[PDB]
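Participant: work_7.cif (mmCIF, N, CA and C atoms and all ligand atoms) pasted underneath:
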```cif
data_my_file
#
loop_
_atom_site.label_atom_id
_atom_site.label_comp_id
_atom_site.auth_asym_id
_atom_site.auth_seq_id
_atom_site.Cartn_x
_atom_site.Cartn_y
_atom_site.Cartn_z
N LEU W 7 95.68 98.51 186.48
CA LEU W 7 94.93 97.75 185.42
C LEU W 7 95.50 98.07 184.05
N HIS W 8 95.29 97.18 183.09
CA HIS W 8 95.58 97.51 181.69
C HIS W 8 94.59 97.04 180.62
N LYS W 9 94.47 97.86 179.59
CA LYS W 9 93.53 97.67 178.51
C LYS W 9 94.03 96.64 177.50
N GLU W 10 93.17 95.70 177.13
CA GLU W 10 93.51 94.67 176.16
C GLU W 10 92.50 94.67 175.02
N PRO W 11 92.97 94.41 173.78
CA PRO W 11 92.17 94.41 172.57
C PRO W 11 91.09 93.34 172.58
N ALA W 12 90.00 93.61 171.88
CA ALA W 12 88.94 92.63 171.67
C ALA W 12 88.05 93.15 170.56
N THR W 13 87.33 92.27 169.88
CA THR W 13 86.38 92.71 168.85
C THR W 13 84.97 92.29 169.22
N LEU W 14 84.02 93.20 169.04
CA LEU W 14 82.61 92.88 169.21
C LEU W 14 82.25 91.62 168.44
N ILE W 15 81.56 90.70 169.11
CA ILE W 15 80.82 89.66 168.41
C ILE W 15 79.35 90.07 168.40
N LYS W 16 78.80 90.39 169.58
CA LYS W 16 77.41 90.82 169.67
C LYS W 16 77.11 91.55 170.97
N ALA W 17 76.36 92.65 170.86
CA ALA W 17 75.70 93.25 172.01
C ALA W 17 74.63 92.30 172.50
N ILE W 18 74.51 92.14 173.81
CA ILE W 18 73.52 91.23 174.34
C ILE W 18 72.43 91.96 175.11
N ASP W 19 72.79 92.64 176.20
CA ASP W 19 71.87 93.57 176.83
C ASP W 19 72.61 94.75 177.46
N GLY W 20 71.99 95.45 178.40
CA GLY W 20 72.66 96.60 179.01
C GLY W 20 74.06 96.31 179.54
N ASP W 21 74.27 95.15 180.16
CA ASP W 21 75.55 94.92 180.88
C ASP W 21 76.29 93.61 180.53
N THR W 22 75.93 93.01 179.40
CA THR W 22 76.65 91.82 178.90
C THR W 22 76.85 91.95 177.40
N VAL W 23 78.05 91.65 176.95
CA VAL W 23 78.45 91.89 175.57
C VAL W 23 79.33 90.70 175.19
N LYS W 24 79.00 90.06 174.07
CA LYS W 24 79.80 88.94 173.60
C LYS W 24 80.91 89.49 172.71
N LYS W 25 82.14 89.10 173.01
CA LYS W 25 83.27 89.55 172.24
C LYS W 25 84.20 88.41 171.88
N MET W 26 85.11 88.68 170.94
CA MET W 26 86.25 87.81 170.76
C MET W 26 87.45 88.39 171.49
N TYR W 27 88.05 87.59 172.36
CA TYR W 27 89.15 88.05 173.18
C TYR W 27 90.25 87.00 173.14
N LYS W 28 91.45 87.40 172.72
CA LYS W 28 92.55 86.46 172.47
C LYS W 28 92.06 85.27 171.67
N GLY W 29 91.33 85.55 170.60
CA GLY W 29 90.96 84.51 169.64
C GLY W 29 89.70 83.72 169.94
N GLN W 30 89.14 83.91 171.14
CA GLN W 30 88.05 83.06 171.63
C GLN W 30 86.78 83.86 171.90
N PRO W 31 85.63 83.34 171.45
CA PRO W 31 84.34 83.93 171.84
C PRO W 31 84.17 83.90 173.35
N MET W 32 83.78 85.04 173.92
CA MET W 32 83.70 85.22 175.36
C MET W 32 82.63 86.25 175.69
N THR W 33 81.70 85.86 176.55
CA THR W 33 80.64 86.75 177.01
C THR W 33 81.14 87.52 178.20
N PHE W 34 81.15 88.84 178.08
CA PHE W 34 81.60 89.70 179.16
C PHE W 34 80.44 90.28 179.96
N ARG W 35 80.55 90.19 181.29
CA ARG W 35 79.65 90.87 182.19
C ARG W 35 80.35 92.09 182.77
N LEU W 36 79.70 93.24 182.68
CA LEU W 36 80.33 94.50 183.05
C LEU W 36 80.48 94.59 184.56
N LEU W 37 81.71 94.85 185.01
CA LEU W 37 81.99 95.01 186.43
C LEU W 37 81.27 96.21 187.02
N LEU W 38 80.79 96.01 188.25
CA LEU W 38 80.37 97.10 189.13
C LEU W 38 79.04 97.74 188.77
N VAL W 39 78.31 97.16 187.82
CA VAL W 39 77.06 97.79 187.38
C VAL W 39 75.92 96.78 187.31
N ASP W 40 74.70 97.28 187.38
CA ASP W 40 73.55 96.44 187.13
C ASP W 40 72.54 97.20 186.27
N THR W 41 72.41 96.79 185.02
CA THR W 41 71.34 97.32 184.19
C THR W 41 70.07 96.51 184.43
N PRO W 42 68.90 97.12 184.22
CA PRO W 42 67.67 96.31 184.34
C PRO W 42 67.64 95.25 183.25
N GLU W 43 66.93 94.15 183.49
CA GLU W 43 66.72 93.15 182.43
C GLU W 43 65.89 93.76 181.32
N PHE W 50 65.97 93.18 180.12
CA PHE W 50 65.32 93.76 178.95
C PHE W 50 63.83 93.97 179.21
N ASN W 51 63.25 93.06 179.98
CA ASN W 51 61.81 93.08 180.26
C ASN W 51 61.42 94.02 181.41
N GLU W 52 62.40 94.65 182.06
CA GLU W 52 62.09 95.62 183.09
C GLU W 52 62.14 97.04 182.56
N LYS W 53 61.65 97.99 183.36
CA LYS W 53 61.67 99.39 182.96
C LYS W 53 63.11 99.90 182.78
N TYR W 54 63.36 100.52 181.63
CA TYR W 54 64.70 100.97 181.20
C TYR W 54 65.64 99.89 180.66
N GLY W 55 65.21 98.64 180.73
CA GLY W 55 65.96 97.52 180.13
C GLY W 55 66.24 97.75 178.66
N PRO W 56 65.18 98.03 177.87
CA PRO W 56 65.43 98.17 176.43
C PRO W 56 66.33 99.36 176.14
N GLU W 57 66.18 100.43 176.91
CA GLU W 57 67.06 101.58 176.75
C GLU W 57 68.49 101.25 177.19
N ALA W 58 68.64 100.47 178.25
CA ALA W 58 69.97 100.05 178.70
C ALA W 58 70.65 99.22 177.61
N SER W 59 69.94 98.22 177.10
CA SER W 59 70.44 97.39 176.01
C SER W 59 70.86 98.22 174.80
N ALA W 60 70.00 99.16 174.41
CA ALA W 60 70.23 100.00 173.23
C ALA W 60 71.38 100.99 173.44
N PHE W 61 71.46 101.55 174.65
CA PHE W 61 72.60 102.38 174.99
C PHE W 61 73.94 101.62 174.85
N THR W 62 74.01 100.42 175.40
CA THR W 62 75.27 99.66 175.35
C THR W 62 75.57 99.23 173.91
N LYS W 63 74.52 98.84 173.20
CA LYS W 63 74.60 98.36 171.81
C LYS W 63 75.16 99.42 170.87
N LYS W 64 74.56 100.61 170.90
CA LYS W 64 75.06 101.71 170.08
C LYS W 64 76.50 101.98 170.46
N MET W 65 76.78 101.93 171.76
CA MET W 65 78.10 102.31 172.24
C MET W 65 79.19 101.34 171.77
N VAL W 66 78.93 100.04 171.87
CA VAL W 66 79.94 99.08 171.42
C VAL W 66 79.96 98.94 169.91
N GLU W 67 78.80 99.11 169.27
CA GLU W 67 78.70 98.97 167.81
C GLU W 67 79.33 100.14 167.05
N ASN W 68 79.28 101.35 167.61
CA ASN W 68 79.88 102.53 166.97
C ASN W 68 81.37 102.67 167.20
N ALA W 69 81.92 101.93 168.15
CA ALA W 69 83.32 102.08 168.51
C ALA W 69 84.19 101.52 167.41
N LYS W 70 85.25 102.23 167.07
CA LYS W 70 86.23 101.67 166.16
C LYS W 70 87.18 100.76 166.93
N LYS W 71 87.41 101.07 168.20
CA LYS W 71 88.34 100.29 169.02
C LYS W 71 87.70 99.91 170.37
N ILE W 72 87.49 98.61 170.57
CA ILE W 72 86.95 98.09 171.83
C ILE W 72 88.09 97.52 172.69
N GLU W 73 88.15 97.93 173.95
CA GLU W 73 89.15 97.40 174.88
C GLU W 73 88.51 96.80 176.10
N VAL W 74 89.14 95.74 176.60
CA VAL W 74 88.69 95.05 177.79
C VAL W 74 89.73 95.24 178.89
N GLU W 75 89.27 95.56 180.09
CA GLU W 75 90.15 95.80 181.22
C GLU W 75 89.74 94.95 182.43
N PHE W 76 90.49 93.88 182.69
CA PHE W 76 90.31 93.11 183.92
C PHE W 76 90.74 93.87 185.17
N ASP W 77 90.06 93.61 186.29
CA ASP W 77 90.47 94.13 187.59
C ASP W 77 91.50 93.18 188.25
N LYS W 78 91.69 93.29 189.56
CA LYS W 78 92.71 92.47 190.23
C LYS W 78 92.19 91.14 190.82
N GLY W 79 90.89 91.10 191.12
CA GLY W 79 90.24 89.87 191.58
C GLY W 79 89.96 88.89 190.45
N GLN W 80 88.87 88.14 190.58
CA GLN W 80 88.57 87.09 189.61
C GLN W 80 88.14 87.66 188.25
N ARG W 81 88.49 86.92 187.19
CA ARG W 81 88.29 87.34 185.81
C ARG W 81 87.06 86.72 185.13
N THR W 82 86.60 85.59 185.64
CA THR W 82 85.38 84.97 185.14
C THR W 82 84.42 84.78 186.30
N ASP W 83 83.12 84.94 186.06
CA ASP W 83 82.13 84.62 187.09
C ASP W 83 81.72 83.14 187.07
N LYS W 84 80.79 82.76 187.94
CA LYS W 84 80.42 81.36 188.09
C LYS W 84 79.64 80.85 186.87
N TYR W 85 79.25 81.76 185.98
CA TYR W 85 78.62 81.36 184.74
C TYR W 85 79.63 81.33 183.59
N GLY W 86 80.91 81.53 183.89
CA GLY W 86 81.95 81.54 182.85
C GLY W 86 82.01 82.84 182.06
N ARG W 87 81.43 83.91 182.60
CA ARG W 87 81.45 85.19 181.91
C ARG W 87 82.70 85.95 182.33
N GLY W 88 83.36 86.58 181.36
CA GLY W 88 84.48 87.48 181.66
C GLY W 88 83.95 88.65 182.46
N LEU W 89 84.76 89.14 183.39
CA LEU W 89 84.34 90.25 184.23
C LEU W 89 85.31 91.40 184.01
N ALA W 90 84.84 92.46 183.37
CA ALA W 90 85.74 93.49 182.91
C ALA W 90 85.12 94.87 182.95
N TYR W 91 85.98 95.88 182.98
CA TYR W 91 85.58 97.20 182.51
C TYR W 91 85.78 97.24 181.00
N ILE W 92 84.78 97.75 180.29
CA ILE W 92 84.78 97.77 178.82
C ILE W 92 84.85 99.21 178.32
N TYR W 93 85.69 99.45 177.29
CA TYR W 93 85.93 100.78 176.73
C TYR W 93 85.62 100.83 175.23
N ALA W 94 84.91 101.87 174.82
CA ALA W 94 84.59 102.10 173.42
C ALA W 94 85.26 103.39 172.99
N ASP W 95 86.29 103.27 172.16
CA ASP W 95 87.16 104.40 171.83
C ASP W 95 87.58 105.18 173.07
N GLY W 96 88.02 104.46 174.10
CA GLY W 96 88.61 105.09 175.29
C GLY W 96 87.59 105.53 176.33
N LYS W 97 86.30 105.44 175.98
CA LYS W 97 85.23 105.75 176.93
C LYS W 97 84.71 104.48 177.58
N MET W 98 84.73 104.45 178.91
CA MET W 98 84.24 103.30 179.66
C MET W 98 82.72 103.20 179.63
N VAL W 99 82.23 102.11 179.04
CA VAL W 99 80.80 101.82 178.99
C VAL W 99 80.21 101.70 180.39
N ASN W 100 80.86 100.92 181.25
CA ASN W 100 80.37 100.75 182.62
C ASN W 100 80.04 102.11 183.24
N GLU W 101 81.03 102.99 183.22
CA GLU W 101 80.87 104.29 183.81
C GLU W 101 79.80 105.06 183.08
N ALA W 102 79.71 104.86 181.77
CA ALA W 102 78.80 105.65 180.95
C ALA W 102 77.33 105.31 181.19
N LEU W 103 77.04 104.03 181.40
CA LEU W 103 75.68 103.60 181.76
C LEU W 103 75.26 104.21 183.08
N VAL W 104 76.17 104.19 184.05
CA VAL W 104 75.85 104.72 185.37
C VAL W 104 75.62 106.23 185.29
N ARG W 105 76.42 106.90 184.46
CA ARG W 105 76.33 108.35 184.36
C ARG W 105 74.98 108.73 183.80
N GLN W 106 74.41 107.87 182.97
CA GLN W 106 73.14 108.18 182.32
C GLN W 106 71.96 107.59 183.09
N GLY W 107 72.23 107.03 184.26
CA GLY W 107 71.16 106.50 185.09
C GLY W 107 70.47 105.33 184.42
N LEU W 108 71.23 104.60 183.60
CA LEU W 108 70.74 103.37 182.97
C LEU W 108 71.30 102.12 183.66
N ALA W 109 72.19 102.33 184.63
CA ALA W 109 72.68 101.27 185.51
C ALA W 109 72.84 101.77 186.93
N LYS W 110 72.73 100.87 187.91
CA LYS W 110 73.12 101.17 189.29
C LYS W 110 74.52 100.62 189.54
N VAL W 111 75.25 101.25 190.45
CA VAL W 111 76.47 100.64 190.98
C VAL W 111 76.04 99.38 191.73
N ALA W 112 76.74 98.26 191.54
CA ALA W 112 76.30 96.97 192.09
C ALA W 112 77.40 95.92 192.03
N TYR W 113 77.16 94.81 192.72
CA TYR W 113 78.07 93.68 192.72
C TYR W 113 79.50 94.14 192.94
N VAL W 114 79.67 95.03 193.91
CA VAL W 114 80.98 95.46 194.36
C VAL W 114 81.60 94.43 195.31
N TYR W 115 82.42 93.55 194.75
CA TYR W 115 83.15 92.59 195.56
C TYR W 115 84.58 93.06 195.80
N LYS W 116 85.17 92.55 196.88
CA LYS W 116 86.48 93.01 197.37
C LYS W 116 87.60 92.81 196.36
N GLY W 117 87.56 91.73 195.60
CA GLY W 117 88.64 91.47 194.64
C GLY W 117 88.74 92.52 193.54
N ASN W 118 87.63 93.18 193.26
CA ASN W 118 87.36 93.70 191.93
C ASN W 118 86.66 95.05 191.99
N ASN W 119 87.31 96.05 192.57
CA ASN W 119 86.63 97.33 192.75
C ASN W 119 87.44 98.57 192.43
N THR W 120 88.47 98.44 191.61
CA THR W 120 89.33 99.58 191.30
C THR W 120 88.50 100.84 190.98
N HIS W 121 87.53 100.72 190.07
CA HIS W 121 86.82 101.91 189.61
C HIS W 121 85.55 102.19 190.39
N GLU W 122 85.46 101.66 191.61
CA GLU W 122 84.25 101.88 192.40
C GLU W 122 83.89 103.34 192.65
N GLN W 123 84.86 104.16 193.05
CA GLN W 123 84.52 105.54 193.40
C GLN W 123 84.20 106.36 192.16
N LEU W 124 84.94 106.09 191.08
CA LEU W 124 84.61 106.69 189.80
C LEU W 124 83.13 106.52 189.47
N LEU W 125 82.64 105.28 189.49
CA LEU W 125 81.26 104.99 189.12
C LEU W 125 80.26 105.54 190.12
N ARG W 126 80.62 105.55 191.41
CA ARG W 126 79.73 106.12 192.43
C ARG W 126 79.61 107.64 192.23
N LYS W 127 80.72 108.24 191.82
CA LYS W 127 80.74 109.64 191.44
C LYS W 127 79.70 109.85 190.34
N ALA W 128 79.75 109.02 189.30
CA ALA W 128 78.78 109.09 188.20
C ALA W 128 77.34 108.86 188.67
N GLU W 129 77.15 107.89 189.56
CA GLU W 129 75.81 107.61 190.04
C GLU W 129 75.29 108.80 190.86
N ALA W 130 76.18 109.44 191.61
CA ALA W 130 75.76 110.64 192.34
C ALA W 130 75.21 111.68 191.35
N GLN W 131 75.93 111.92 190.26
CA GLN W 131 75.49 112.93 189.29
C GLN W 131 74.24 112.52 188.53
N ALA W 132 74.15 111.24 188.18
CA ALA W 132 72.92 110.69 187.60
C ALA W 132 71.71 110.85 188.51
N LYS W 133 71.90 110.55 189.79
CA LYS W 133 70.81 110.67 190.76
C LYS W 133 70.46 112.15 190.90
N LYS W 134 71.50 112.97 191.07
CA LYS W 134 71.36 114.43 191.12
C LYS W 134 70.37 114.94 190.08
N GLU W 135 70.44 114.41 188.86
CA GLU W 135 69.63 114.92 187.76
C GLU W 135 68.33 114.16 187.53
N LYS W 136 68.01 113.20 188.40
CA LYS W 136 66.83 112.36 188.20
C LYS W 136 66.81 111.69 186.81
N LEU W 137 67.95 111.14 186.39
CA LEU W 137 68.08 110.54 185.06
C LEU W 137 67.48 109.13 185.02
N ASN W 138 66.72 108.86 183.96
CA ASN W 138 66.09 107.56 183.74
C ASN W 138 65.70 106.81 185.02
N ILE W 139 66.54 105.89 185.48
CA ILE W 139 66.18 105.07 186.64
C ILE W 139 65.82 105.92 187.87
N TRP W 140 66.41 107.11 187.97
CA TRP W 140 66.21 107.94 189.16
C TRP W 140 65.05 108.93 189.02
N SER W 141 64.17 108.69 188.05
CA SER W 141 63.04 109.60 187.83
C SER W 141 61.69 108.90 187.88
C1 LIG O 201 78.80 91.66 188.10
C2 LIG O 201 79.06 90.32 188.74
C3 LIG O 201 78.06 89.35 188.78
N1 LIG O 201 78.33 88.15 189.34
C4 LIG O 201 77.29 87.12 189.41
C5 LIG O 201 76.53 87.29 190.72
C6 LIG O 201 75.08 87.02 190.34
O1 LIG O 201 74.84 85.65 190.70
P1 LIG O 201 73.36 85.03 190.81
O2 LIG O 201 73.00 84.69 189.39
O3 LIG O 201 73.59 83.83 191.67
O4 LIG O 201 72.48 86.09 191.42
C7 LIG O 201 75.00 87.24 188.83
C8 LIG O 201 74.32 88.57 188.46
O5 LIG O 201 74.45 88.84 187.05
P2 LIG O 201 73.23 89.41 186.14
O6 LIG O 201 72.95 90.80 186.67
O7 LIG O 201 73.79 89.38 184.74
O8 LIG O 201 72.09 88.45 186.34
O9 LIG O 201 76.34 87.26 188.35
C9 LIG O 201 79.60 87.89 189.93
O10 LIG O 201 79.81 86.78 190.46
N2 LIG O 201 80.59 88.81 189.90
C10 LIG O 201 80.38 90.01 189.34
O11 LIG O 201 81.28 90.87 189.35
CA CA O 202 71.44 92.96 184.94
#
```
For this file, write the structure as structure tokens.
Ligand SMILES: Cc1cn([C@H]2C[C@H](OP(=O)(O)O)[C@@H](COP(=O)(O)O)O2)c(=O)[nH]c1=O
Ligand SMILES: [Ca+2]
Facilitator:
Amino acid sequence: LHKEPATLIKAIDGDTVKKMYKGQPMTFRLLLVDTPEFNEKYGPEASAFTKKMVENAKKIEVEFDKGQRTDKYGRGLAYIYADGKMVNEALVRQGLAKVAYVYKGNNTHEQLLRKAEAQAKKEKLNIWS
């Protein structure tokens, strides 16, 4: 995989972030994770965690996997990095996301995130408490 430049347009919720990528507004859905909806328990915290994380970053990078790059709603499907720290992995580590939507095309960082979910569960963090 490789990291590509992008600039925040807007944080949306725990696992979707609108960015400008190669000149175009594009809504990104985070690969391999599922944050609760804003109206569910931990939703607002998931949204706020992702928001602070993308908003504080000086450098945002987008990383496509090997499978499909857009979902059926036209959302980019990526691993997202804030100053070199992967948001996807970071939500899971804090028990603000579950590992999810693991499809065959698109799972490079699957074990990494499951590793994080193991440690999150280990500590009864947010969702696991
Ligand atoms: C994360 C992800 C979601 N999706 C689709 C499947 C789900 O379809 P359905 O809407 O038919 O359930 C939806 C879940 O996203 P949200 O969790 O943002 O709702 O997005 C993909 O197709 N590929 C992916 O990698
Ligand atoms: Ca979700």
Participant: Of the candidates W:99, W:112, W:90, W:124, which shows the shortest atom-to-atom distance to ligand CA 202 (chain O), using only C-alpha atoms and all ligand atoms?
Facilitator: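 Checking each of W:99, W:112, W:90, W:124 against ligand CA 202 (chain O), counting only C-alpha atoms and all ligand atoms, the winner is W:112.
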Participant: If the limit is 12 Å from any atom of ligand CA 202 (chain O), counting only C-alpha atoms and all ligand atoms, which residues qualify? Return them as number ranges by chain.
Facilitator: W: 18-23, 35-43, 50-56, 58-59, 103, 108-113
Participant: Report, in Å with one decimal, the straight-line distance from atom CA of residue 136 of chain W to atom C of residue 104 of chain W.
Facilitator: 11.1 Å
Participant: Return the single residue from W:140, W:32, W:106, W:101 that is closest to residue 125 of chain W, with distances computed using all atoms listed in the file.
Facilitator: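 Among the listed residues, the smallest separation from residue 125 of chain W belongs to W:101.
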Participant: Report as JSON the centre and the edge lengths, in Å to one decimal, of the axis-aligned box holding every listed atom of ligand LIG 201 (chain O), padded by 4 Å on each side.
Facilitator:
```
{"center_x": 76.7, "center_y": 87.7, "center_z": 188.2, "size_x": 17.2, "size_y": 15.8, "size_z": 14.9}
```
Participant: Write out as JSON, numbers by chain which residues come within 10 Å of segment 78-80 of chain W when counting only C-alpha atoms, dropping same-chain ones fewer than 4 positions away.
Facilitator: {"W": [7, 88, 89, 90, 115, 116, 117, 118, 119, 120]}
Participant: Can you work out which one of W:141, W:68, W:82, W:123 has the shortest atom-to-atom distance to ligand LIG 201 (chain O), counting all atoms listed in the file?
Facilitator: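 With all atoms listed in the file as the atom set, the closest residue is W:82.
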Participant: Between atom CA of residue 105 of chain W and atom CA of residue 57 of chain W, what is the distance in Å, rounded to a tenth?
Facilitator: 13.8 Å
Participant: Atom C of residue 72 of chain W and atom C2 of ligand LIG 201 (chain O) are how many Å apart?
Facilitator: 19.8 Å
Participant: Using all atoms listed in the file, which of W:67, W:122, W:83, W:75 sits nearest ligand LIG 201 (chain O)?
Facilitator: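 Among the listed residues, W:83 lies closest to ligand LIG 201 (chain O).
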Participant: Just list the residues in chain W DSSP gives strand (DSSP E) on the backbone, as a VMD selection string.
Facilitator: chain W and resid 10 to 19 22 to 27 30 to 36 39 to 40 72 to 76 88 to 94 97 to 98 110 to 111
Participant: Which is closest to residue 107 of chain W among W:17, W:74, W:94, W:128, if we use only C-alpha atoms?
Facilitator: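 Nearest candidate to residue 107 of chain W out of W:17, W:74, W:94, W:128: W:128.
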Participant: May I have all residues of segment 20-134 of chain W that DSSP, computed from the backbone, assigns to alpha helix (DSSP H), given as a PyMOL selection string?
Facilitator: chain W and resi 55-68+99-105+122-134
Participant: Counting all atoms listed in the file, what is within 7 Å of residue 24 of chain W, bar same-chain residues fewer than 4 positions away, as a short mmCIF file (atom, residue, chain, number, x, y, z; two decimals) with N, CA and C atoms, keeping the file's coordinate frame?
Facilitator:
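Output below, filename result38.cif:
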```cif
data_model
loop_
_atom_site.label_atom_id
_atom_site.label_comp_id
_atom_site.auth_asym_id
_atom_site.auth_seq_id
_atom_site.Cartn_x
_atom_site.Cartn_y
_atom_site.Cartn_z
N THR W 13 87.33 92.27 169.88
CA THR W 13 86.38 92.71 168.85
C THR W 13 84.97 92.29 169.22
N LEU W 14 84.02 93.20 169.04
CA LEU W 14 82.61 92.88 169.21
C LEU W 14 82.25 91.62 168.44
N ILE W 15 81.56 90.70 169.11
CA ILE W 15 80.82 89.66 168.41
C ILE W 15 79.35 90.07 168.40
N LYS W 16 78.80 90.39 169.58
CA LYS W 16 77.41 90.82 169.67
C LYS W 16 77.11 91.55 170.97
N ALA W 17 76.36 92.65 170.86
CA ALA W 17 75.70 93.25 172.01
C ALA W 17 74.63 92.30 172.50
N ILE W 18 74.51 92.14 173.81
CA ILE W 18 73.52 91.23 174.34
C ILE W 18 72.43 91.96 175.11
N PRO W 31 85.63 83.34 171.45
CA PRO W 31 84.34 83.93 171.84
C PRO W 31 84.17 83.90 173.35
N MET W 32 83.78 85.04 173.92
CA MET W 32 83.70 85.22 175.36
C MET W 32 82.63 86.25 175.69
N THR W 33 81.70 85.86 176.55
CA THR W 33 80.64 86.75 177.01
C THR W 33 81.14 87.52 178.20
N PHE W 34 81.15 88.84 178.08
CA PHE W 34 81.60 89.70 179.16
C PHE W 34 80.44 90.28 179.96
#
```
Participant: Here is a test: counting all atoms listed in the file, which residue of W:92, W:66, W:114, W:139 is nearest to ligand LIG 201 (chain O)?
Facilitator: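 For ligand LIG 201 (chain O), the nearest of the given residues is W:114.
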